[PDB]
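Next up: the same protein chain in two forms, each one alone, written as structure tokens (structure 1, then structure 2).
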Structure 1
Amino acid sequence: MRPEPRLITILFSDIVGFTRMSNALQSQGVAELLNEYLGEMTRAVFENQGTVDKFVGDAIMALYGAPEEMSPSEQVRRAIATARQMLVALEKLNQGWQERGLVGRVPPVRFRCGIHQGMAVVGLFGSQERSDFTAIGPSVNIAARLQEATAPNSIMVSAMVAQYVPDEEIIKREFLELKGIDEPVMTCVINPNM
């Protein structure tokens, strides 16, 4: 648990359109919708041996390579599989929400995911009032920035991650100017299928 430097893969995912959709239901319905979604995301992370760092509203943060050790290649394979499984889950959820009148009659929820691999100080951070296991550093900052920079319903990863992805699966490449980073970052949108 004690914080230490380690090569890990960070995954950030978020949905946009949840608030708008929930705007019609009462508290109970809002909670049911969100729990439905968070449960699916958690399942996608656990099934691929990932660590659920935390939820941030309707955003999710997962780690691969901590606390349990994991090779860099397996971290990426698992992180990618999680992102693709999350998209499938959202496709299922959206189908249910549309047949429910929550979407279509309010557009379908959209998904964005960013994945980066790099060094990060990982372990328990906080105080006596509150301590949580997480990852800190530019690598984490970058993964979050990728998630916010990618287009609707897509997965964006860094070059460090893409090097383990079959070439034919990289749909689009583009250098992006990310906040706090001087050197433009080569990003790769990967095929959400396989």
Structure 2
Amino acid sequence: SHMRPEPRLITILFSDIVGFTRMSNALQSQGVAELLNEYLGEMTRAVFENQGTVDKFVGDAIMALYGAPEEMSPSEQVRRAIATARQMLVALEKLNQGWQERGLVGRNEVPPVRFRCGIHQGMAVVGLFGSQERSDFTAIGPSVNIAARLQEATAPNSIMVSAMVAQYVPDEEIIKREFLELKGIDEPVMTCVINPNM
């Protein structure tokens, strides 16, 4: 027995390392693999400490859900998604320092690691998909695509969110408001780059 996935208001945080490919070539398998595992370990810790749920890892990208499976208020979803994003950036510093003092970065034209983060709140079909084995709890829908594309539209080490997220964010933490057209998304989105600090 299972539960039919259904529409639920959730918040999605999409993080993605900037140009991982280029360093996956500069560094070596063992280096790449270890840098990734440390990165993924720290980032997920951040998500977990903020009551978030790591939906999955898609390479060097992370998809975190807030409001599923555990219920969570709209404002709370956002507060935690942002706290998570801001906490990931602080952990990125320590990681780089460490990857620096090891040669994984800051040497051999391998710039220190940077990532993009997008946060969006909207409706999405959430639940178990696939088949009674390779079945997994995930979110399906346009809302998800918007988060991923906001991420690809923001500068390195910056956090971009949609208007639906910014409404719970203080004005003083808003760096820039923009009206962008995201790929695969017909209607333009009102976005805001938020301060990586509170």
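Residue numbering: structure 1 sequence, from 1. Whichever C-alpha set is largest while still superposing within 1.5 Å between the two forms counts as the rigid core.
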Comparing forms between structure 1 and structure 2 after core superposition, the one residue of 59, 165, 30, 52 displaced by 2 Å or more at CA:
30
Examine residue 183 after superposing the rigid core and state whether its CA is displaced by 2 Å or more between structure 1 and structure 2.
yes
Once the two forms are fitted on their core, CA shift of residue 132 between structure 1 and structure 2 in Å:
1.0
Can you give the C-alpha shift of residue 17 between structure 1 and structure 2 in Å, rounded to one decimal, after superposing the rigid core?
4.2
By how many angstrom is the Cα of residue 120 displaced between structure 1 and structure 2 when the rigid core is overlaid?
0.3
